[PDB]
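Quick notes on the structure that follows.
Heavy atoms only: backbone and side chains are in, while hydrogens, waters and symmetry mates are out. We count ligands from 1, going down the list as the structure has it; atoms in each ligand are counted the same way. We name chains A, B, ... by the order of the sequence lines, and we start the count at 1 in each one.
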Amino acid sequence: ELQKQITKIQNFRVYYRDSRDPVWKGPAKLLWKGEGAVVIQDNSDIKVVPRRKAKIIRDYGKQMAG
Amino acid sequence: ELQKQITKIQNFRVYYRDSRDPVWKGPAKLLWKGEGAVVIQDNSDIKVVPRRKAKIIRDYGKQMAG
Amino acid sequence: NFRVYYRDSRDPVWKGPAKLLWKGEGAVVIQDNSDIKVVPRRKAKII
Amino acid sequence: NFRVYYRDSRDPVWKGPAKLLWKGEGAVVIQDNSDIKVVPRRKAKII
Amino acid sequence: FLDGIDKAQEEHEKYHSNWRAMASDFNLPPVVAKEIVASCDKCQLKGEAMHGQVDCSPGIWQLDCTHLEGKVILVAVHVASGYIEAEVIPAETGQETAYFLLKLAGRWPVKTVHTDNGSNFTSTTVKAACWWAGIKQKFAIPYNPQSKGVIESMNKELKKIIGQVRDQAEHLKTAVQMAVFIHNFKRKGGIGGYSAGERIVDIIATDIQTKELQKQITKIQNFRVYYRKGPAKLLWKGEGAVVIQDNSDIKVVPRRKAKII
Amino acid sequence: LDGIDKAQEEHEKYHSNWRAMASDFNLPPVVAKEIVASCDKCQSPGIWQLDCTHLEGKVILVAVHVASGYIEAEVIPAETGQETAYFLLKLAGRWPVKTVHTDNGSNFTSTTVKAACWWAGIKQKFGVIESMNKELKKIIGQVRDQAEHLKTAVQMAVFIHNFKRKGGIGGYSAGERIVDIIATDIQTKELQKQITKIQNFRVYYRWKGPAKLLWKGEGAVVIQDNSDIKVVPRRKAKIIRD
Amino acid sequence: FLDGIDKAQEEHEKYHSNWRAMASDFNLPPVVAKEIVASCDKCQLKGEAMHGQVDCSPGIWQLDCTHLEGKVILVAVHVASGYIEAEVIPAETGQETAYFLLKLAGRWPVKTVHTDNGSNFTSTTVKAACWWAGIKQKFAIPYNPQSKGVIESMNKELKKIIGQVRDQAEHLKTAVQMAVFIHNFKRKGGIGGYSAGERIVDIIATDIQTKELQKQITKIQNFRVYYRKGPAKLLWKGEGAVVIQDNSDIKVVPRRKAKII
Amino acid sequence: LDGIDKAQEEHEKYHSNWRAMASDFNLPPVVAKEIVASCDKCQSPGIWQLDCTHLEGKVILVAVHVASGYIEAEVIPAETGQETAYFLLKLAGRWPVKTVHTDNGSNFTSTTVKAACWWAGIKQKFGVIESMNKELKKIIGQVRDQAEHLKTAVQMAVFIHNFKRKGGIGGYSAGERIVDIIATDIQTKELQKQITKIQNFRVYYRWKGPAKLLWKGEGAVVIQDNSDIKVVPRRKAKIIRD
DNA sequence: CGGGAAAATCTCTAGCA
DNA sequence: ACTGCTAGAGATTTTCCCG
DNA sequence: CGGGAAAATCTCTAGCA
DNA sequence: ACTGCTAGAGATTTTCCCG
Ligand SMILES: C[C@@H]1CCO[C@H]2Cn3cc(C(=O)NCc4ccc(F)cc4F)c(=O)c(O)c3C(=O)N12
Ligand SMILES: C[C@@H]1CCO[C@H]2Cn3cc(C(=O)NCc4ccc(F)cc4F)c(=O)c(O)c3C(=O)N12
Ligand SMILES: [Mg+2]
Ligand SMILES: [Mg+2]
Ligand SMILES: [Zn+2]
Ligand SMILES: [Zn+2]
């Protein structure tokens, strides 16, 4: 039930930037999605990112590749 | 005699750049000066620099300041 | 308060001081002689 | 040998392939249809 | 330093010396010289050295007009994926822009457009079209192309591809559509090693899927969390940390000093 | 990994497809694909349809994605091959168009359209289109009063049909349906690419006979031998290219 | 991949796909796709991403002309220190440039000038003046201001200071000389925290002193060094390493495997 | 550090200047300066001279650095205050001009020249110049045949005098001499700045009475007490600002 | 556990006009 | 109250692959 | 040996047109 | 065979200073 859905959320990957940093950070794992913020987990570190600064995708190549 | 002169050479400081590096490296100590090359000692490391890539100065502030 | 000096619009001469109204990431809203302007933070100095 | 493609002088269109004559730090001397040109390495690709 | 400061302000009225020169020549501390400079309006001539970041939300499109071979090309880019939409139009007129934007809204979920302040983009016809389609118009700071650097860089890319394939077509409209096709489906790279078409499909499908799944999770997972406060809403828990939303302020706290009810 | 036998039993019982086993039993899509392809008893995103409709003395070129009902339509100045080719080249530049069904009209059999399809890599082939045309005409008549020119009302109708009208099983619009279908096609293409990339290897384990490779994991290697899937540690097997 | 390569070259003639797209769509290895791209002349449209470094020798000056308030300003910068020399001149004429350069040669040890290819700088009068003064002319690659970016940045600095102090003068020549003074003696920073005047005096005095001391050392210290070779000349020894000059090739070798005679 | 007594003995014997002790005994310039200033029995780069010379009906404005013989000259259109002020402002922008000696001429006492000197921070004061003018005229006559216009021959003569003619003790040209003199002045100014910066401190050592600070070294502190210089470790003394 | 090769990542530029 | 970016070319670092 | 403050260093941009 | 740079504004890291 709920655990399945949470796993499907965590299956998505987020690319994001910081306020003063112009290079896009690697594919962090999605934990929560909101109207203006997303909660991720990048290298055992949980951050809250503005929705305007994050690109959320399920990279199909990787999915199909285990 | 010779040692005095060598000490006076080593009293000068050289600013230099590398072929692919655009930031000027710190004041290395001058060891030898030639028509097209200078031999320096930057952080216990001896390099040979083209004369066109090096700025040699005796920083008077520092001299007068021990 | 703050003083803002800015380059506004295709005019190389810097203008100011102006009053800072809002400071965002990348842009500031200012007030200069009862005129409200939005300037990128590249083109502004805030004191 | 090498192939050189270059942007020469105020002309946005890239030209080549040319023969590489000399490769320095920052510039290359090339030969293109019996014409010797000196191009900055920013404006050239050497294959 | 009372004498020194006066001799430094008097010199600055003449030379506008930088802080280092007056600090050296009047024995001033760096803070005092910097204060002297900062109080001179004639020396406030440089902005701070950074750049902003454009909005990258899945619904924003950046639109612009570019010129090639004497013709006008209207170009739109979906910011989040790099997917472009271009079309040759007879003139930079609000009617042409309105028709183009109505097309784009009819083809993709366009929530917001970000353009410069050209006449065609600020026309009342375009404002009426965006209102009918429910599109929010954001206008850039005037004469700041960096505000829509995405569509500017896309203009550069489109013109390069048009130069590459101009021979294969007879008219500019055909070559523009060919370049659009090439950019959308024949050039890979970016976050997912995708083409722009693949990336836009991934982005939009992900948004739909994540919205639905999050809606279901929030409907099922309903708890209140007390930490340190009020009944904060529970967003995510696990791995020794809890993510909560208190008074529309999302914060992350460790599992300790928190209880879920 | 450990759920391969469970997946085999599930397929033998319910004939589930590889998507289901991959989502449920936590298997890589290649292994589930091989499981679903190992049983003989268990054995669209690119097709568009083009038609021309006349309304108030103007010609409207309509393209319908067959698998979803999503439409792309516009008013063209004349029923000519050049305009058809321009429309088709635009459509191929916006969507992955593989093949277009047409009605053997004059503008579709033109040499310009054939050349455009050749450049775009589209295959030309000569009931849904009629119903979609009627629906488009109904929406155009509904929203004509909101637009002075017919092309603007046509685009407004396209927008309404693609994103406002909803229907079907889950109540999604045509835009969401086409996005889902294209995403599924992209996943299918990625899986096919991975299968093609890995099918050129042969694996020797424990040495036993050559075995087809399925998944080169971080902690194990999944192989197939004698129509059976076996998991072996990486250090106990060698992989070569043939 | 024989079939795949053919289907990738045939596609590339149509779309000019980047290497990633063809590698993905034809199962090609990255090297094969990169080779396919590299053999297409239509896709060779970008130079390598670096910058050169200008000559910074103590004797080189970079000269340029700039324009302010309808007048022409001839500017020279000593590259190694940032010290400038500017003067308003009636027109960009080889006579004015020749007079200016003769002045500069008469005031400072000018060994080489590096300018762009403007008409005044390539004039026969300027070539005759440089020959009389023993100045080597280096001309930039045409239409590459980066070759003399030092004097270009100095033009920017000079114009900024002129804008700062324009009110204090009535004519542009007076304000230009005032800005020259301000830049040379009233703005500190750089390698030694110096002004440009102090830095140029330090640079030239250092060159004279180092030349004399090195001459004396080479006259006194005369030895031949054998390493690994021929009788290499001894340049510097100590700290476990020896610096030698063999066949006009300066190399550094450790004290081991070397003997001084 | 250890050579302070040696430096004191050397000064008492030979009355050497602080430059000598600093170069020889390896002492910071402040300590050697205090040593040389501690004995009562042991007790130019900015001065230019301006004159106007007439040659072939044209006026030449000549500036001579007094300490070195280095010249700056140019032909001016007229003997007016504006041209003199322009010349002086240029010279001050090229060299550290502190004071200029003049001959109470009409162009030197003008208000424009006074204003220019005020802006430039130059002091105006009203035999070397005559000899230098004669030498310049001789070189101009020598090289006149190599230049069509008199201003070009004037600049050629300036170049020859500054960098080609050599003379004196060590056989240096005027350019090398002025460079050496200005470098020595820069060293003097840096030393004066450091002395001014450090003279506002007072040091208590081992606690004894206040002592004037001389050098704040990395491993020791050099102080002066009762007209005597003593070296104390940093950890054994405290430095305060007064 | 050790080098090589391949791949991935990082650094950096022109043009957008 | 809004905001530089992109893609390609070289250089450097990680990772994989067989020992 | 420990924080704070000050200083030094590093990062980054516009204009040179 | 020749070649981006500079100086100022903010942010971050080192160093010095008294405990
Ligand atoms: C008449 C409207 C209204 C107001 O402004 C003008 C002029 N303008 C100028 C550029 C431009 O200068 N691009 C070069 C560039 C420079 C820096 C950067 F980061 C990105 C860049 F693309 C445009 O693109 C553009 O659309 C306009 C335009 O439309 N207008
Ligand atoms: C008629 C001569 C002969 C041939 O070329 C032209 C045109 N030109 C153009 C610039 C210029 O574009 N500066 C802007 C800039 C851009 C980039 C950069 F790195 C540095 C920069 F200063 C000059 O400075 C300049 O002297 C000339 C010139 O003299 N001429
Ligand atoms: Mg634009
Ligand atoms: Mg220039
Ligand atoms: Zn000022
Ligand atoms: Zn190509």
Shell check on the Mg ion (ligand 3): protein N, O or S atoms less than 2.8 Å away are E:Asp64 OD2, E:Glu152 OE1, E:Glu152 OE2
Once you measure the plane-to-plane angle for F:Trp119 and G:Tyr15, does it fall in the parallel (<30°), tilted (30-60°) or perpendicular (>60°) bin? perpendicular
Hits for salt bridge (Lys or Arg N to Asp or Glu O under 4.0 Å) against C:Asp11, two or more places apart or cross-chain, chain-then-number order -> none
Residues G:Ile141 and G:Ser147: closest non-hydrogen pair is N-OG, 4.0 Å
Vertex the Zn ion (ligand 6), ends G:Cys40/SG and G:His12/NE2: angle to nearest 10° comes to 100°
Residue set satisfying salt bridge (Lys or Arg N to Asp or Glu O under 4.0 Å) with B:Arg52, at least two apart, ordered chain then number -> none
Self-check item: Geometric cation-pi criterion D:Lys43 and D:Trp14, 6.0 Å radius, 45° cone
Solution: no
Atom name of the N, O or S atom of G:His16 nearest to the Zn ion (ligand 6) is ND1
Between E:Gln177 and E:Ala86, is there a donor-acceptor pair closer than 3.5 Å when you use the side chain of the first and the backbone of the second? yes
Which donor-acceptor pairs under 3.5 Å do side chains of residues 90-100 of chain G form with protein atoms, sequence neighbours excluded?
| unit_1 | atom_1 | unit_2 | atom_2 | d |
| --- | --- | --- | --- | --- |
| G:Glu92 | OE1 | G:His67 | NE2 | 2.9 |
| G:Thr97 | OG1 | G:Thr93 | O | 3.3 |
| G:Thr97 | OG1 | G:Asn120 | ND2 | 3.0 |

